[PDB]
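Single chain ahead, written as structure tokens, the form deposited in one PDB entry.
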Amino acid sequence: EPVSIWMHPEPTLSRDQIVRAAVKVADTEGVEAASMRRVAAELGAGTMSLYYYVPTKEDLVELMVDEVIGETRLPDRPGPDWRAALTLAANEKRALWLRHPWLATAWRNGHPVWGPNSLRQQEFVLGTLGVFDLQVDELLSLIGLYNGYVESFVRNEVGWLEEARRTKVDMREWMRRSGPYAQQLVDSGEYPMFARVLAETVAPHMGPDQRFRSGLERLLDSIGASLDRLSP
């Protein structure tokens, strides 16, 4: 039976060096550029000798994820103020993804990453609502609202940065250039919800940081409303 990288003890070179060097490549070149042969060259080592520490590309990615999650700066305990605690975790996750853009898209597996940094972060996040009388699956559903918002926002933010390096058209410029088509769509009268969105939305005109915070505040109100009903 193939053994989890987390159950697979590691014996000049080390697993951590290999992982950190891989991360440094992916940060600027993407995860596909962080091949073993590339990471080997970065460490002045022979490629075959890397496999002794990290048996596969798949395992390298999983190690890379857990390694970076270790960079977040969370207190030991979430404390009683769940809003502040989730805001703190939200801001840290956003900053982490923007430092490591590949996090938004590198993971195409189903299985979760059960390395020590991810488990430690999960304690903090799951613990934020431990002071309400929730069943586990109620808890996990509310935390899914939180993760859903943060990851969707930042995945899109990192999509725009990626897209703009290809096209040199960023979000603001994209909205400017799409205006004549948007008007054509509104004037057709076929998309009245869309027309309402365009006429009335505020979010796209704020900077990214206040747009993130303003969505977070609404997200947290949505969790608070559910808490009112579940644990009254």
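In case it trips you up, residue 1 is the first one in the sequence shown, and so on.
Only in words, not in the display: the form deposited in another entry, which the text now covers.
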property: Chain position at the hinge linking the two rigid parts, options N156, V25, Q121, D66, forms compared between the shown form and the other one; result: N156
property: Shift in CA distance, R165 and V65, in the other entry relative to the form shown here, given it is 3 Å or more; result: closer
property: Pair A203/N91, Cα separation in the other entry versus the displayed form, closer or farther by 3 angstroms or more; result: farther
